[PDB]
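J.: I am attaching a structure below and will ask some questions about it afterwards.
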Amino acid sequence: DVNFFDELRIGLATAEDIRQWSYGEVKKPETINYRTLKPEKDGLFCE
Amino acid sequence: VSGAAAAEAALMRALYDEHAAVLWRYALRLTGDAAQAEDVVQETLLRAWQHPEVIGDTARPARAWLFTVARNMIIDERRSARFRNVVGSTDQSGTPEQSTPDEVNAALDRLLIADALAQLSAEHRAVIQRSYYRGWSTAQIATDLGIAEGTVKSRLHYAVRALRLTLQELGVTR
Amino acid sequence: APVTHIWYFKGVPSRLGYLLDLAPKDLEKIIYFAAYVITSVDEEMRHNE
Amino acid sequence: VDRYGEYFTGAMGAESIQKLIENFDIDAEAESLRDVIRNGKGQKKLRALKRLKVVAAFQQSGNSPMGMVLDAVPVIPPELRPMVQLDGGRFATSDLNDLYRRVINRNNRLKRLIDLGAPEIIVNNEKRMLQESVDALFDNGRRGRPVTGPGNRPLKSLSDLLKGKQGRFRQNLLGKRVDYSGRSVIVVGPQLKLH
DNA sequence: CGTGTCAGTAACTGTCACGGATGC
DNA sequence: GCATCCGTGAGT
């Protein structure tokens, strides 16, 4: 990973680009389990 | 007909206008968070839409049912899920930021391991890097290298002790 | 339900208001469910009836 | 709608603006602004110049302005919004987590309302709160009163990670803490040479 | 789970210069 | 057409 690249481009992120980035949808609002410290499935910390 | 279905929405809109803004302040005093009070209000009015017995009798007070439902909503929110988490915010001051130690010891150990690996035969070096660096099983290395099972076992057994010999000659702590 | 980016609505100057020639307060009434807005109207059918 | 519903179509909220952006001629409006520019009416000409500045950007770039209305919101990786455990047994999570969680809660409630065929009043009042939640996630406090946390403290939004001296730029890009560095009290040294 | 007399934030302005889009 | 108000900034 060299450090010579000319331009840095910024632009509007399409709602389709958001799905292109995402590795899955965050369905449930839960975070983790407050005993096993394991994150709940489809939560904000889903593995 | 089609007007009977619109009458129900027109019925909901009136109880909105007459009770939602008053229930919001109640839930707000019970919680202290406005964005949560709005959620409470919406869920309460949803349950109102789902219960025709509460919307049936106009001669019976309906605001009180809403207040009781909101109270039993907030008292529920006040249990286990809130109990543990609600306490701290990382953005808020007074919380220690997560720190990770430096890799100095690991880097020095890796350097010494590589040095001791250089002074091994190609076979032993190619065996220990397939059991500890690649984490394969005893039979997987045997299948890969095209050798026997006990062959891999003996090669590991000797190469470990050869690394120990090379390290103890340089004063590596036990 | 679709949502609007607050950077282009509330951020001055309103980019959406500049694109659609809509006033900032009118946009504020539209987005947060205070006033309906006409998306389309069949003018020829209105003339024929 | 009860009378002449066959003749027009109207909508509310953000979906209406989405449809308006869809029913919009970029080139036509750009040239219509240039028409006003060609006739020197300063008072009403500056206000058209500033609109052309925005419209021509969507014209030339080949990028649709539809991106100003979102159908899906991205979620920052968890290690940039970490939830730590405290020595008292309890936990402490970034405000971004609370904002994302409020967004998720209201969105799932809206899904329920859509499935149940709930009255339009409830569905619209729910979409409004979803709009406010996304606005708080991106820049809490920009419109109206900010979302207060425990203790009347305003929650830090995603844009708050880049603002001012405490933002990412002036705090972790312009100035960084470096290794191989020390600090101590200074003392005069007349014996020492200039170098 | 069902919930039906009533029931009202906290906090706070003791910043300000300055420019330009916003609005009567 | 102009007065208003909002949003921007204010040492390491």
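Quick note on naming: the chains in the structure tokens go A, B, ... in the order shown, residues restart at 1 in each chain, and ligands are numbered from 1 in order of appearance.
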When you get a sec, could you note down which chain D residues fall within 7 Å of chain C, using only C-alpha atoms, as a VMD selection string?

T.: chain D and resid 7 to 16 19 to 20 51 54 to 55 68 to 71 124 127 to 128 131 135 143

J.: DSSP on the backbone, then: every residue of chain D marked helix (DSSP H, G or I), written as a VMD selection string.

T.: chain D and resid 13 to 22 26 to 38 42 to 61 65 to 68 78 to 80 95 to 116 120 to 139 159 to 161 168 to 172

J.: Neighbouring residues of residue 20 of chain E were defined as those with any atom within 10 Å, considering only C-alpha atoms (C1' of nucleotides); residues of the same chain fewer than 3 positions away were excluded. Please report them as an NGL selection string.

T.: (:C and (12-13)) or (:F and (6-7))

J.: May I have the selected residues written with N, CA and C atoms (P, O5', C5', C4', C3', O3' and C1' of nucleotides), as a compact mmCIF listing (two decimals), in the first residue's frame?

T.:
```txt
# COMPACT_ATOMS: atom_id res chain seq x y z
N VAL C 12 -27.64 25.76 5.74
CA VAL C 12 -27.81 26.97 4.94
C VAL C 12 -26.66 27.09 3.94
N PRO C 13 -26.95 27.40 2.66
CA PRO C 13 -28.31 27.54 2.14
C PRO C 13 -28.94 26.19 1.80
P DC F 6 -34.22 32.12 14.06
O5' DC F 6 -33.40 30.96 13.33
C5' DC F 6 -33.33 30.96 11.90
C4' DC F 6 -31.89 30.89 11.43
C3' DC F 6 -30.99 29.97 12.25
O3' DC F 6 -30.49 28.95 11.40
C1' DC F 6 -29.93 32.07 11.80
P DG F 7 -30.02 27.55 12.01
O5' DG F 7 -28.48 27.50 11.60
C5' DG F 7 -28.09 27.98 10.32
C4' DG F 7 -26.69 28.53 10.37
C3' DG F 7 -25.72 27.72 11.23
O3' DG F 7 -24.51 27.48 10.51
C1' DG F 7 -25.61 29.99 11.80
```

J.: Write out as a list in words every residue belonging to chain D that has an atom at most 12 Å from any atom of chain E, counting only C-alpha atoms (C1' of nucleotides).

T.: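 That gives residues 46, 47, 50, 148, 151 and 152 of chain D for chain D.
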
J.: I need the chosen residues saved as an mmCIF file, in the first residue's frame, with N, CA and C atoms.

T.:
```cif
data_model
loop_
_atom_site.group_PDB
_atom_site.id
_atom_site.type_symbol
_atom_site.label_atom_id
_atom_site.label_comp_id
_atom_site.auth_asym_id
_atom_site.auth_seq_id
_atom_site.Cartn_x
_atom_site.Cartn_y
_atom_site.Cartn_z
ATOM 1 N N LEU D 46 -29.648 37.879 -8.770
ATOM 2 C CA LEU D 46 -28.707 37.208 -7.874
ATOM 3 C C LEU D 46 -29.307 35.923 -7.310
ATOM 4 N N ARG D 47 -30.592 35.972 -6.945
ATOM 5 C CA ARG D 47 -31.284 34.809 -6.404
ATOM 6 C C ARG D 47 -31.428 33.692 -7.432
ATOM 7 N N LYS D 50 -27.587 32.120 -7.847
ATOM 8 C CA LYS D 50 -27.252 31.184 -6.777
ATOM 9 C C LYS D 50 -27.948 29.839 -6.957
ATOM 10 N N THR D 148 -31.687 14.961 24.003
ATOM 11 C CA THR D 148 -30.971 14.984 25.270
ATOM 12 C C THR D 148 -30.776 13.570 25.801
ATOM 13 N N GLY D 151 -29.161 13.283 31.912
ATOM 14 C CA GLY D 151 -28.538 14.459 32.484
ATOM 15 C C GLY D 151 -28.610 15.697 31.624
ATOM 16 N N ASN D 152 -29.579 15.772 30.709
ATOM 17 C CA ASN D 152 -29.763 16.920 29.821
ATOM 18 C C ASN D 152 -28.516 17.206 28.987
#
```

J.: Using only C-alpha atoms, which residues of chain A come within 12 Å of chain C, and what is the closest atom pair for each, with the distance in Å to one decimal? Give it as a tab-separated table, sorted by chain and residue number.

T.:
```
residue	atom	partner	partner_atom	distance
A:12	CA	C:5	CA	10.9
A:13	CA	C:5	CA	11.1
A:14	CA	C:5	CA	11.8
A:15	CA	C:2	CA	10.2
```

J.: If we count only C-alpha atoms (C1' of nucleotides), which residues of chain D reach to within 10 Å of chain F? Please list them as a list in words.

T.: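 Listing them in order of chain and number gives residues 43, 142 and 164 of chain D.
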